[PDB]
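Q: Input file: target12.pdb. Contents: PDB, N, CA and C atoms.
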```pdb
MODEL        1
ATOM      1  N   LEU G   3     -64.564  25.673 -64.253
ATOM      2  CA  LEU G   3     -65.577  26.356 -65.049
ATOM      3  C   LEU G   3     -65.314  26.201 -66.540
ATOM      4  N   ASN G   4     -66.359  25.835 -67.285
ATOM      5  CA  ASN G   4     -66.277  25.645 -68.733
ATOM      6  C   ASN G   4     -65.215  24.617 -69.111
ATOM      7  N   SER G   5     -65.580  23.338 -69.116
ATOM      8  CA  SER G   5     -64.620  22.297 -69.444
ATOM      9  C   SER G   5     -65.308  21.070 -70.030
ATOM     10  N   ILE G   6     -64.634  20.453 -71.000
ATOM     11  CA  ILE G   6     -65.078  19.197 -71.597
ATOM     12  C   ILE G   6     -64.980  18.018 -70.645
ATOM     13  N   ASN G   7     -64.129  18.088 -69.623
ATOM     14  CA  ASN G   7     -63.910  16.967 -68.721
ATOM     15  C   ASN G   7     -64.915  16.900 -67.582
ATOM     16  N   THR G   8     -64.593  17.490 -66.433
ATOM     17  CA  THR G   8     -65.439  17.472 -65.246
ATOM     18  C   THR G   8     -66.728  18.231 -65.531
ATOM     19  N   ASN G   9     -67.846  17.734 -65.002
ATOM     20  CA  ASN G   9     -69.140  18.409 -65.100
ATOM     21  C   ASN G   9     -69.912  18.108 -63.814
ATOM     22  N   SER G  10     -69.777  19.004 -62.830
ATOM     23  CA  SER G  10     -70.270  18.734 -61.479
ATOM     24  C   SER G  10     -71.797  18.751 -61.396
ATOM     25  N   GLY G  11     -72.461  19.464 -62.308
ATOM     26  CA  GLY G  11     -73.908  19.589 -62.206
ATOM     27  C   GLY G  11     -74.620  18.270 -62.433
ATOM     28  N   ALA G  12     -74.108  17.459 -63.361
ATOM     29  CA  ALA G  12     -74.658  16.122 -63.539
ATOM     30  C   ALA G  12     -74.427  15.259 -62.307
ATOM     31  N   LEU G  13     -73.312  15.466 -61.604
ATOM     32  CA  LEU G  13     -73.069  14.711 -60.379
ATOM     33  C   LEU G  13     -74.080  15.080 -59.302
ATOM     34  N   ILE G  14     -74.373  16.374 -59.163
ATOM     35  CA  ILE G  14     -75.360  16.789 -58.170
ATOM     36  C   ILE G  14     -76.742  16.258 -58.538
ATOM     37  N   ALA G  15     -77.066  16.250 -59.835
ATOM     38  CA  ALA G  15     -78.353  15.708 -60.255
ATOM     39  C   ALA G  15     -78.432  14.209 -59.991
ATOM     40  N   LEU G  16     -77.321  13.488 -60.179
ATOM     41  CA  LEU G  16     -77.303  12.066 -59.850
ATOM     42  C   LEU G  16     -77.488  11.840 -58.358
ATOM     43  N   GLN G  17     -76.942  12.733 -57.530
ATOM     44  CA  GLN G  17     -77.116  12.578 -56.090
ATOM     45  C   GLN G  17     -78.571  12.779 -55.682
ATOM     46  N   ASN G  18     -79.207  13.836 -56.193
ATOM     47  CA  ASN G  18     -80.616  14.045 -55.863
ATOM     48  C   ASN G  18     -81.494  12.928 -56.421
ATOM     49  N   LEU G  19     -81.148  12.401 -57.599
ATOM     50  CA  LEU G  19     -81.925  11.300 -58.161
ATOM     51  C   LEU G  19     -81.766  10.030 -57.334
ATOM     52  N   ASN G  20     -80.558   9.766 -56.829
ATOM     53  CA  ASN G  20     -80.366   8.608 -55.960
ATOM     54  C   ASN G  20     -81.125   8.763 -54.652
ATOM     55  N   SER G  21     -81.211   9.989 -54.130
ATOM     56  CA  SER G  21     -81.992  10.190 -52.912
ATOM     57  C   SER G  21     -83.475   9.947 -53.165
ATOM     58  N   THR G  22     -83.991  10.457 -54.287
ATOM     59  CA  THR G  22     -85.395  10.222 -54.610
ATOM     60  C   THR G  22     -85.664   8.741 -54.864
ATOM     61  N   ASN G  23     -84.698   8.031 -55.460
ATOM     62  CA  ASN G  23     -84.867   6.599 -55.676
ATOM     63  C   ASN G  23     -84.867   5.825 -54.365
ATOM     64  N   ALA G  24     -84.011   6.208 -53.414
ATOM     65  CA  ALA G  24     -84.032   5.542 -52.116
ATOM     66  C   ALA G  24     -85.346   5.801 -51.387
ATOM     67  N   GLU G  25     -85.884   7.017 -51.512
ATOM     68  CA  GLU G  25     -87.168   7.296 -50.879
ATOM     69  C   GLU G  25     -88.287   6.494 -51.532
ATOM     70  N   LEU G  26     -88.243   6.353 -52.861
ATOM     71  CA  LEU G  26     -89.204   5.491 -53.543
ATOM     72  C   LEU G  26     -89.081   4.054 -53.065
ATOM     73  N   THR G  27     -87.856   3.614 -52.779
ATOM     74  CA  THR G  27     -87.652   2.247 -52.318
ATOM     75  C   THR G  27     -88.305   2.025 -50.958
ATOM     76  N   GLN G  28     -88.060   2.937 -50.013
ATOM     77  CA  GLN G  28     -88.687   2.790 -48.703
ATOM     78  C   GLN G  28     -90.204   2.872 -48.805
ATOM     79  N   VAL G  29     -90.715   3.754 -49.668
ATOM     80  CA  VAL G  29     -92.163   3.860 -49.819
ATOM     81  C   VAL G  29     -92.737   2.575 -50.403
ATOM     82  N   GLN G  30     -91.999   1.921 -51.306
ATOM     83  CA  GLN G  30     -92.505   0.684 -51.892
ATOM     84  C   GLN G  30     -92.548  -0.445 -50.872
ATOM     85  N   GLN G  31     -91.509  -0.580 -50.039
ATOM     86  CA  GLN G  31     -91.615  -1.593 -48.986
ATOM     87  C   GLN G  31     -92.722  -1.268 -47.992
ATOM     88  N   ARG G  32     -92.912   0.010 -47.652
ATOM     89  CA  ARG G  32     -93.974   0.327 -46.700
ATOM     90  C   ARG G  32     -95.353   0.051 -47.286
ATOM     91  N   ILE G  33     -95.512   0.219 -48.598
ATOM     92  CA  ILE G  33     -96.807  -0.064 -49.206
ATOM     93  C   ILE G  33     -97.034  -1.565 -49.325
ATOM     94  N   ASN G  34     -96.022  -2.314 -49.774
ATOM     95  CA  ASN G  34     -96.253  -3.733 -50.024
ATOM     96  C   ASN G  34     -96.298  -4.554 -48.737
ATOM     97  N   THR G  35     -95.367  -4.331 -47.806
ATOM     98  CA  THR G  35     -95.396  -5.029 -46.526
ATOM     99  C   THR G  35     -96.586  -4.632 -45.661
ATOM    100  N   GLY G  36     -97.013  -3.374 -45.722
ATOM    101  CA  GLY G  36     -98.126  -2.908 -44.922
ATOM    102  C   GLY G  36     -97.775  -2.467 -43.520
ATOM    103  N   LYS G  37     -96.506  -2.561 -43.123
ATOM    104  CA  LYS G  37     -96.056  -2.132 -41.805
ATOM    105  C   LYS G  37     -95.175  -0.904 -41.951
ATOM    106  N   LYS G  38     -95.357   0.066 -41.055
ATOM    107  CA  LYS G  38     -94.422   1.178 -40.966
ATOM    108  C   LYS G  38     -93.057   0.738 -40.450
ATOM    109  N   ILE G  39     -93.010  -0.325 -39.649
ATOM    110  CA  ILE G  39     -91.762  -0.859 -39.101
ATOM    111  C   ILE G  39     -91.731  -2.334 -39.493
ATOM    112  N   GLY G  40     -91.341  -2.612 -40.735
ATOM    113  CA  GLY G  40     -91.406  -3.961 -41.260
ATOM    114  C   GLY G  40     -90.246  -4.873 -40.917
ATOM    115  N   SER G  41     -89.180  -4.327 -40.340
ATOM    116  CA  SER G  41     -87.978  -5.113 -40.095
ATOM    117  C   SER G  41     -87.113  -4.401 -39.067
ATOM    118  N   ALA G  42     -86.114  -5.130 -38.559
ATOM    119  CA  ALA G  42     -85.149  -4.535 -37.641
ATOM    120  C   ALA G  42     -84.354  -3.424 -38.313
ATOM    121  N   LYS G  43     -84.233  -3.475 -39.642
ATOM    122  CA  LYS G  43     -83.565  -2.413 -40.383
ATOM    123  C   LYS G  43     -84.302  -1.084 -40.254
ATOM    124  N   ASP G  44     -85.621  -1.123 -40.044
ATOM    125  CA  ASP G  44     -86.393   0.114 -39.949
ATOM    126  C   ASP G  44     -86.169   0.811 -38.612
ATOM    127  N   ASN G  45     -86.250   0.064 -37.511
ATOM    128  CA  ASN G  45     -86.101   0.604 -36.162
ATOM    129  C   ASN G  45     -86.075  -0.543 -35.162
ATOM    130  N   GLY G  46     -84.914  -0.801 -34.560
ATOM    131  CA  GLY G  46     -84.743  -2.034 -33.807
ATOM    132  C   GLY G  46     -85.561  -2.090 -32.529
ATOM    133  N   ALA G  47     -85.760  -0.944 -31.877
ATOM    134  CA  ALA G  47     -86.432  -0.950 -30.581
ATOM    135  C   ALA G  47     -87.901  -1.337 -30.717
ATOM    136  N   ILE G  48     -88.643  -0.614 -31.559
ATOM    137  CA  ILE G  48     -90.063  -0.899 -31.732
ATOM    138  C   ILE G  48     -90.257  -2.275 -32.349
ATOM    139  N   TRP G  49     -89.337  -2.685 -33.220
ATOM    140  CA  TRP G  49     -89.451  -3.979 -33.882
ATOM    141  C   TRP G  49     -89.272  -5.128 -32.897
ATOM    142  N   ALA G  50     -88.245  -5.048 -32.046
ATOM    143  CA  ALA G  50     -88.054  -6.086 -31.042
ATOM    144  C   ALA G  50     -89.203  -6.100 -30.043
ATOM    145  N   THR G  51     -89.692  -4.918 -29.652
ATOM    146  CA  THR G  51     -90.823  -4.870 -28.733
ATOM    147  C   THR G  51     -92.065  -5.489 -29.358
ATOM    148  N   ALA G  52     -92.286  -5.230 -30.647
ATOM    149  CA  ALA G  52     -93.462  -5.761 -31.318
ATOM    150  C   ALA G  52     -93.380  -7.270 -31.458
ATOM    151  N   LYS G  53     -92.199  -7.801 -31.779
ATOM    152  CA  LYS G  53     -92.086  -9.249 -31.923
ATOM    153  C   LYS G  53     -92.246  -9.951 -30.582
ATOM    154  N   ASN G  54     -91.676  -9.379 -29.518
ATOM    155  CA  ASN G  54     -91.847  -9.988 -28.204
ATOM    156  C   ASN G  54     -93.308  -9.966 -27.775
ATOM    157  N   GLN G  55     -93.966  -8.810 -27.911
ATOM    158  CA  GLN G  55     -95.354  -8.701 -27.480
ATOM    159  C   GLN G  55     -96.265  -9.559 -28.350
TER     160      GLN G  55
ATOM    161  N   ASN N 111    -121.785 -22.143   2.311
ATOM    162  CA  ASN N 111    -120.458 -22.556   1.866
ATOM    163  C   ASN N 111    -120.340 -22.481   0.349
ATOM    164  N   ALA N 112    -121.438 -22.748  -0.363
ATOM    165  CA  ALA N 112    -121.401 -22.637  -1.819
ATOM    166  C   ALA N 112    -121.191 -21.193  -2.259
ATOM    167  N   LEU N 113    -121.909 -20.255  -1.639
ATOM    168  CA  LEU N 113    -121.714 -18.847  -1.973
ATOM    169  C   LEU N 113    -120.333 -18.363  -1.544
ATOM    170  N   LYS N 114    -119.785 -18.937  -0.469
ATOM    171  CA  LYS N 114    -118.417 -18.614  -0.078
ATOM    172  C   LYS N 114    -117.417 -19.036  -1.147
ATOM    173  N   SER N 115    -117.559 -20.260  -1.661
ATOM    174  CA  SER N 115    -116.649 -20.714  -2.709
ATOM    175  C   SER N 115    -116.816 -19.894  -3.984
ATOM    176  N   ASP N 116    -118.049 -19.474  -4.290
ATOM    177  CA  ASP N 116    -118.257 -18.618  -5.455
ATOM    178  C   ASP N 116    -117.581 -17.265  -5.275
ATOM    179  N   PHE N 117    -117.685 -16.689  -4.075
ATOM    180  CA  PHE N 117    -117.072 -15.392  -3.815
ATOM    181  C   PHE N 117    -115.554 -15.487  -3.894
ATOM    182  N   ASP N 118    -114.984 -16.582  -3.385
ATOM    183  CA  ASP N 118    -113.536 -16.749  -3.457
ATOM    184  C   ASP N 118    -113.069 -16.940  -4.898
ATOM    185  N   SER N 119    -113.834 -17.692  -5.695
ATOM    186  CA  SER N 119    -113.465 -17.845  -7.096
ATOM    187  C   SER N 119    -113.536 -16.513  -7.830
ATOM    188  N   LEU N 120    -114.552 -15.702  -7.545
ATOM    189  CA  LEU N 120    -114.631 -14.420  -8.232
ATOM    190  C   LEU N 120    -113.496 -13.494  -7.813
ATOM    191  N   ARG N 121    -113.142 -13.490  -6.525
ATOM    192  CA  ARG N 121    -112.094 -12.583  -6.076
ATOM    193  C   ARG N 121    -110.720 -12.984  -6.607
ATOM    194  N   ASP N 122    -110.464 -14.286  -6.818
ATOM    195  CA  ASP N 122    -109.136 -14.599  -7.355
ATOM    196  C   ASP N 122    -109.108 -14.531  -8.885
ATOM    197  N   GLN N 123    -110.262 -14.671  -9.556
ATOM    198  CA  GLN N 123    -110.288 -14.247 -10.954
ATOM    199  C   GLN N 123    -110.027 -12.754 -11.086
ATOM    200  N   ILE N 124    -110.500 -11.942 -10.133
ATOM    201  CA  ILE N 124    -110.138 -10.526 -10.167
ATOM    202  C   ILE N 124    -108.634 -10.360 -10.021
ATOM    203  N   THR N 125    -108.012 -11.178  -9.168
ATOM    204  CA  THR N 125    -106.573 -11.065  -8.965
ATOM    205  C   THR N 125    -105.820 -11.318 -10.260
ATOM    206  N   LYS N 126    -106.131 -12.424 -10.934
ATOM    207  CA  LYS N 126    -105.404 -12.752 -12.157
ATOM    208  C   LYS N 126    -105.725 -11.771 -13.285
ATOM    209  N   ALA N 127    -106.997 -11.369 -13.407
ATOM    210  CA  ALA N 127    -107.386 -10.460 -14.478
ATOM    211  C   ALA N 127    -106.755  -9.087 -14.298
ATOM    212  N   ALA N 128    -106.522  -8.676 -13.051
ATOM    213  CA  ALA N 128    -105.849  -7.405 -12.820
ATOM    214  C   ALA N 128    -104.347  -7.536 -13.025
ATOM    215  N   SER N 129    -103.760  -8.641 -12.562
ATOM    216  CA  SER N 129    -102.317  -8.814 -12.659
ATOM    217  C   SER N 129    -101.831  -8.988 -14.091
ATOM    218  N   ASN N 130    -102.650  -9.545 -14.980
ATOM    219  CA  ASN N 130    -102.158  -9.937 -16.297
ATOM    220  C   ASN N 130    -102.309  -8.860 -17.367
ATOM    221  N   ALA N 131    -102.758  -7.656 -17.011
ATOM    222  CA  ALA N 131    -103.007  -6.599 -17.991
ATOM    223  C   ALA N 131    -101.774  -5.715 -18.202
ATOM    224  N   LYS N 132    -100.731  -6.314 -18.771
ATOM    225  CA  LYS N 132     -99.491  -5.617 -19.085
ATOM    226  C   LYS N 132     -99.422  -5.304 -20.574
ATOM    227  N   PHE N 133     -98.545  -4.367 -20.935
ATOM    228  CA  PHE N 133     -98.209  -4.084 -22.327
ATOM    229  C   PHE N 133     -96.747  -3.660 -22.385
ATOM    230  N   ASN N 134     -95.947  -4.402 -23.150
ATOM    231  CA  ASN N 134     -94.507  -4.173 -23.278
ATOM    232  C   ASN N 134     -93.848  -4.203 -21.895
ATOM    233  N   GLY N 135     -94.325  -5.118 -21.057
ATOM    234  CA  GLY N 135     -93.794  -5.255 -19.720
ATOM    235  C   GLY N 135     -94.227  -4.177 -18.755
ATOM    236  N   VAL N 136     -95.232  -3.382 -19.110
ATOM    237  CA  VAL N 136     -95.644  -2.225 -18.330
ATOM    238  C   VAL N 136     -97.161  -2.226 -18.222
ATOM    239  N   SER N 137     -97.659  -1.835 -17.052
ATOM    240  CA  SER N 137     -99.091  -1.737 -16.827
ATOM    241  C   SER N 137     -99.388  -0.540 -15.941
ATOM    242  N   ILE N 138    -100.403   0.233 -16.329
ATOM    243  CA  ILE N 138    -100.839   1.389 -15.557
ATOM    244  C   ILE N 138    -101.797   1.007 -14.436
ATOM    245  N   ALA N 139    -102.337  -0.215 -14.451
ATOM    246  CA  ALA N 139    -103.386  -0.594 -13.514
ATOM    247  C   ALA N 139    -103.046  -1.749 -12.579
ATOM    248  N   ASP N 140    -101.839  -2.311 -12.632
ATOM    249  CA  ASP N 140    -101.472  -3.398 -11.729
ATOM    250  C   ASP N 140    -100.839  -2.919 -10.424
ATOM    251  N   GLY N 141    -100.591  -1.619 -10.275
ATOM    252  CA  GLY N 141    -100.047  -1.082  -9.046
ATOM    253  C   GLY N 141     -98.544  -1.176  -8.892
ATOM    254  N   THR N 142     -97.822  -1.607  -9.926
ATOM    255  CA  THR N 142     -96.369  -1.702  -9.845
ATOM    256  C   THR N 142     -95.673  -0.347  -9.885
ATOM    257  N   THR N 143     -96.358   0.711 -10.314
ATOM    258  CA  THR N 143     -95.752   2.031 -10.395
ATOM    259  C   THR N 143     -96.830   3.090 -10.215
ATOM    260  N   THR N 144     -96.427   4.228  -9.645
ATOM    261  CA  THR N 144     -97.343   5.331  -9.381
ATOM    262  C   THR N 144     -97.859   6.023 -10.635
ATOM    263  N   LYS N 145     -97.088   6.038 -11.721
ATOM    264  CA  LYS N 145     -97.486   6.781 -12.911
ATOM    265  C   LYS N 145     -96.619   6.354 -14.085
ATOM    266  N   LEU N 146     -97.003   6.808 -15.276
ATOM    267  CA  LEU N 146     -96.181   6.696 -16.471
ATOM    268  C   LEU N 146     -96.270   7.988 -17.271
ATOM    269  N   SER N 147     -95.143   8.400 -17.847
ATOM    270  CA  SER N 147     -95.058   9.633 -18.620
ATOM    271  C   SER N 147     -94.693   9.295 -20.059
ATOM    272  N   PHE N 148     -95.309   9.999 -21.002
ATOM    273  CA  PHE N 148     -95.079   9.805 -22.425
ATOM    274  C   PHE N 148     -94.713  11.127 -23.086
ATOM    275  N   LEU N 149     -94.021  11.026 -24.220
ATOM    276  CA  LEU N 149     -93.552  12.212 -24.926
ATOM    277  C   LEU N 149     -94.726  13.072 -25.374
ATOM    278  N   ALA N 150     -94.554  14.387 -25.272
ATOM    279  CA  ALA N 150     -95.564  15.348 -25.687
ATOM    280  C   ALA N 150     -94.984  16.537 -26.437
ATOM    281  N   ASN N 151     -93.661  16.622 -26.541
ATOM    282  CA  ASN N 151     -93.005  17.752 -27.182
ATOM    283  C   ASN N 151     -91.616  17.315 -27.625
ATOM    284  N   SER N 152     -91.051  18.075 -28.566
ATOM    285  CA  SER N 152     -89.705  17.802 -29.053
ATOM    286  C   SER N 152     -88.635  18.013 -27.988
ATOM    287  N   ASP N 153     -88.887  18.867 -26.996
ATOM    288  CA  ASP N 153     -87.876  19.182 -25.994
ATOM    289  C   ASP N 153     -87.928  18.256 -24.786
ATOM    290  N   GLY N 154     -88.638  17.136 -24.878
ATOM    291  CA  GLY N 154     -88.715  16.185 -23.790
ATOM    292  C   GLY N 154     -89.837  16.395 -22.800
ATOM    293  N   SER N 155     -90.780  17.293 -23.078
ATOM    294  CA  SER N 155     -91.932  17.450 -22.200
ATOM    295  C   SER N 155     -92.752  16.165 -22.170
ATOM    296  N   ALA N 156     -93.243  15.815 -20.987
ATOM    297  CA  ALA N 156     -93.947  14.557 -20.789
ATOM    298  C   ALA N 156     -95.449  14.774 -20.636
ATOM    299  N   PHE N 157     -96.205  13.703 -20.872
ATOM    300  CA  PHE N 157     -97.652  13.658 -20.665
ATOM    301  C   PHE N 157     -97.894  12.667 -19.530
ATOM    302  N   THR N 158     -98.150  13.185 -18.331
ATOM    303  CA  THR N 158     -98.341  12.322 -17.173
ATOM    304  C   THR N 158     -99.669  11.578 -17.253
ATOM    305  N   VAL N 159     -99.664  10.333 -16.780
ATOM    306  CA  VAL N 159    -100.869   9.522 -16.628
ATOM    307  C   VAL N 159    -100.750   8.807 -15.289
ATOM    308  N   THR N 160    -101.461   9.307 -14.280
ATOM    309  CA  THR N 160    -101.399   8.713 -12.950
ATOM    310  C   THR N 160    -101.985   7.306 -12.965
ATOM    311  N   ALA N 161    -101.302   6.378 -12.300
ATOM    312  CA  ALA N 161    -101.775   5.003 -12.242
ATOM    313  C   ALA N 161    -103.018   4.886 -11.369
ATOM    314  N   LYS N 162    -103.952   4.046 -11.812
ATOM    315  CA  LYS N 162    -105.181   3.753 -11.076
ATOM    316  C   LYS N 162    -105.202   2.251 -10.811
ATOM    317  N   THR N 163    -104.805   1.853  -9.602
ATOM    318  CA  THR N 163    -104.688   0.437  -9.277
ATOM    319  C   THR N 163    -106.051  -0.242  -9.321
ATOM    320  N   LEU N 164    -106.102  -1.419  -9.945
ATOM    321  CA  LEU N 164    -107.325  -2.198 -10.049
ATOM    322  C   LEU N 164    -107.242  -3.538  -9.333
TER     323      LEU N 164
ENDMDL
END
```
What is this structure when it is put down as structure tokens?
A:
Amino acid sequence: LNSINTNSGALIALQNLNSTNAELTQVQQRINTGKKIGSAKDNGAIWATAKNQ
Amino acid sequence: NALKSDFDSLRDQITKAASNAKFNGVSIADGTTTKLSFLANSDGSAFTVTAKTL
């Protein structure tokens, strides 16, 4: 508490900002690719089933 | 004999048209299974769909 060195609140804000950035990333691939399951990285079962069918 | 050959051609087109209606290796109308169940709730409740053989 009260220190020039460690400042945990900025760390927590960086964590929430990284989470929001990752969500923006997934939303951008879903918008540009046009598929909810655009790759095996999204969900392997539905993706393999879709490619086979 | 001509109408006989026509009837046989129609009945085996029915055979192939019924047999080939699969989806993801599964068909509700080819007679391979009595029914299929799908998710309807978070706790694993199913939505039954009785098979109707064609």
Q: Between CA of residue 122 (chain N) and CA of residue 162 (chain N), what is the distance in Å, rounded to a tenth?
A: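 Separation between CA of residue 122 (chain N) and CA of residue 162 (chain N): 19.1 Å.
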Q: Identify which of the residues N:125, N:131, N:119, N:158 lies closest to residue 146 (chain N), counting all atoms listed in the file when measuring atom-to-atom distances.
A: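 Comparing N:125, N:131, N:119, N:158 against residue 146 (chain N), the winner is N:158.
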Q: What are the DSSP helix (DSSP H, G or I) residues of chain G, as a ChimeraX atom specification?
A: /G:10-35,46-54
Q: Got a sec to pull out which chain N residues are within 8 Å of chain G, counting all atoms listed in the file, and send them as a PyMOL selection string?
A: chain N and resi 133-135
Q: What's the 8 Å shell around residue 164 (chain N), counting all atoms listed in the file, without same-chain residues fewer than 4 positions away, as a ChimeraX atom specification?
A: /N:124-125,127-129,138-141
Q: Write the residues of the selection above to a file with N, CA and C atoms, as an mmCIF file, in the frame of the given file.
A:
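Once written, out.cif looks like this:
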```
data_model
loop_
_atom_site.group_PDB
_atom_site.id
_atom_site.type_symbol
_atom_site.label_atom_id
_atom_site.label_comp_id
_atom_site.auth_asym_id
_atom_site.auth_seq_id
_atom_site.Cartn_x
_atom_site.Cartn_y
_atom_site.Cartn_z
ATOM 1 N N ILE N 124 -110.500 -11.942 -10.133
ATOM 2 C CA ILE N 124 -110.138 -10.526 -10.167
ATOM 3 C C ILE N 124 -108.634 -10.360 -10.021
ATOM 4 N N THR N 125 -108.012 -11.178 -9.168
ATOM 5 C CA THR N 125 -106.573 -11.065 -8.965
ATOM 6 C C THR N 125 -105.820 -11.318 -10.260
ATOM 7 N N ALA N 127 -106.997 -11.369 -13.407
ATOM 8 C CA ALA N 127 -107.386 -10.460 -14.478
ATOM 9 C C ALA N 127 -106.755 -9.087 -14.298
ATOM 10 N N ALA N 128 -106.522 -8.676 -13.051
ATOM 11 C CA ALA N 128 -105.849 -7.405 -12.820
ATOM 12 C C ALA N 128 -104.347 -7.536 -13.025
ATOM 13 N N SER N 129 -103.760 -8.641 -12.562
ATOM 14 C CA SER N 129 -102.317 -8.814 -12.659
ATOM 15 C C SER N 129 -101.831 -8.988 -14.091
ATOM 16 N N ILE N 138 -100.403 0.233 -16.329
ATOM 17 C CA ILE N 138 -100.839 1.389 -15.557
ATOM 18 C C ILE N 138 -101.797 1.007 -14.436
ATOM 19 N N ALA N 139 -102.337 -0.215 -14.451
ATOM 20 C CA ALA N 139 -103.386 -0.594 -13.514
ATOM 21 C C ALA N 139 -103.046 -1.749 -12.579
ATOM 22 N N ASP N 140 -101.839 -2.311 -12.632
ATOM 23 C CA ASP N 140 -101.472 -3.398 -11.729
ATOM 24 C C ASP N 140 -100.839 -2.919 -10.424
ATOM 25 N N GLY N 141 -100.591 -1.619 -10.275
ATOM 26 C CA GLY N 141 -100.047 -1.082 -9.046
ATOM 27 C C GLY N 141 -98.544 -1.176 -8.892
#
```
Q: Is it possible to produce a file of region 144-164 of chain N from this structure, with N, CA and C atoms, as a PDB file, in the first residue's frame?
A:
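And here's decode_21.pdb as it stands now:
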```pdb
ATOM      1  N   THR N 144     -33.907 -46.290 -34.908  1.00  0.00           N
ATOM      2  CA  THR N 144     -35.275 -46.000 -34.493  1.00  0.00           C
ATOM      3  C   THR N 144     -35.540 -44.527 -34.216  1.00  0.00           C
ATOM      4  N   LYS N 145     -34.535 -43.765 -33.789  1.00  0.00           N
ATOM      5  CA  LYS N 145     -34.760 -42.377 -33.404  1.00  0.00           C
ATOM      6  C   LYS N 145     -33.422 -41.662 -33.291  1.00  0.00           C
ATOM      7  N   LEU N 146     -33.489 -40.341 -33.139  1.00  0.00           N
ATOM      8  CA  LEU N 146     -32.338 -39.522 -32.790  1.00  0.00           C
ATOM      9  C   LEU N 146     -32.754 -38.470 -31.772  1.00  0.00           C
ATOM     10  N   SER N 147     -31.872 -38.202 -30.811  1.00  0.00           N
ATOM     11  CA  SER N 147     -32.135 -37.243 -29.746  1.00  0.00           C
ATOM     12  C   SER N 147     -31.127 -36.105 -29.841  1.00  0.00           C
ATOM     13  N   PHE N 148     -31.595 -34.884 -29.606  1.00  0.00           N
ATOM     14  CA  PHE N 148     -30.771 -33.688 -29.655  1.00  0.00           C
ATOM     15  C   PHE N 148     -30.905 -32.899 -28.360  1.00  0.00           C
ATOM     16  N   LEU N 149     -29.883 -32.095 -28.073  1.00  0.00           N
ATOM     17  CA  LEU N 149     -29.851 -31.328 -26.833  1.00  0.00           C
ATOM     18  C   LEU N 149     -31.019 -30.354 -26.772  1.00  0.00           C
ATOM     19  N   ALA N 150     -31.594 -30.210 -25.580  1.00  0.00           N
ATOM     20  CA  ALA N 150     -32.700 -29.295 -25.344  1.00  0.00           C
ATOM     21  C   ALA N 150     -32.567 -28.522 -24.041  1.00  0.00           C
ATOM     22  N   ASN N 151     -31.551 -28.825 -23.238  1.00  0.00           N
ATOM     23  CA  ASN N 151     -31.371 -28.190 -21.941  1.00  0.00           C
ATOM     24  C   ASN N 151     -29.908 -28.316 -21.542  1.00  0.00           C
ATOM     25  N   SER N 152     -29.496 -27.458 -20.606  1.00  0.00           N
ATOM     26  CA  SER N 152     -28.132 -27.494 -20.093  1.00  0.00           C
ATOM     27  C   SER N 152     -27.826 -28.768 -19.313  1.00  0.00           C
ATOM     28  N   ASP N 153     -28.835 -29.414 -18.731  1.00  0.00           N
ATOM     29  CA  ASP N 153     -28.602 -30.587 -17.898  1.00  0.00           C
ATOM     30  C   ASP N 153     -28.638 -31.891 -18.685  1.00  0.00           C
ATOM     31  N   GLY N 154     -28.581 -31.830 -20.012  1.00  0.00           N
ATOM     32  CA  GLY N 154     -28.578 -33.020 -20.834  1.00  0.00           C
ATOM     33  C   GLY N 154     -29.931 -33.534 -21.270  1.00  0.00           C
ATOM     34  N   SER N 155     -31.006 -32.780 -21.047  1.00  0.00           N
ATOM     35  CA  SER N 155     -32.312 -33.193 -21.545  1.00  0.00           C
ATOM     36  C   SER N 155     -32.303 -33.246 -23.068  1.00  0.00           C
ATOM     37  N   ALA N 156     -32.960 -34.260 -23.619  1.00  0.00           N
ATOM     38  CA  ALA N 156     -32.941 -34.499 -25.054  1.00  0.00           C
ATOM     39  C   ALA N 156     -34.267 -34.119 -25.703  1.00  0.00           C
ATOM     40  N   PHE N 157     -34.215 -33.900 -27.017  1.00  0.00           N
ATOM     41  CA  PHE N 157     -35.387 -33.644 -27.854  1.00  0.00           C
ATOM     42  C   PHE N 157     -35.509 -34.835 -28.800  1.00  0.00           C
ATOM     43  N   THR N 158     -36.431 -35.746 -28.497  1.00  0.00           N
ATOM     44  CA  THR N 158     -36.587 -36.946 -29.309  1.00  0.00           C
ATOM     45  C   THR N 158     -37.201 -36.617 -30.665  1.00  0.00           C
ATOM     46  N   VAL N 159     -36.749 -37.332 -31.693  1.00  0.00           N
ATOM     47  CA  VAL N 159     -37.325 -37.272 -33.034  1.00  0.00           C
ATOM     48  C   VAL N 159     -37.386 -38.703 -33.549  1.00  0.00           C
ATOM     49  N   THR N 160     -38.577 -39.299 -33.515  1.00  0.00           N
ATOM     50  CA  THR N 160     -38.740 -40.677 -33.962  1.00  0.00           C
ATOM     51  C   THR N 160     -38.473 -40.790 -35.458  1.00  0.00           C
ATOM     52  N   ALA N 161     -37.732 -41.825 -35.846  1.00  0.00           N
ATOM     53  CA  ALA N 161     -37.420 -42.034 -37.251  1.00  0.00           C
ATOM     54  C   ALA N 161     -38.656 -42.474 -38.028  1.00  0.00           C
ATOM     55  N   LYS N 162     -38.779 -41.956 -39.249  1.00  0.00           N
ATOM     56  CA  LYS N 162     -39.860 -42.313 -40.165  1.00  0.00           C
ATOM     57  C   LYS N 162     -39.217 -42.884 -41.424  1.00  0.00           C
ATOM     58  N   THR N 163     -39.175 -44.213 -41.523  1.00  0.00           N
ATOM     59  CA  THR N 163     -38.492 -44.864 -42.634  1.00  0.00           C
ATOM     60  C   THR N 163     -39.180 -44.544 -43.954  1.00  0.00           C
ATOM     61  N   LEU N 164     -38.382 -44.213 -44.969  1.00  0.00           N
ATOM     62  CA  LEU N 164     -38.889 -43.904 -46.297  1.00  0.00           C
ATOM     63  C   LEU N 164     -38.421 -44.888 -47.358  1.00  0.00           C
TER      64      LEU N 164
END
```
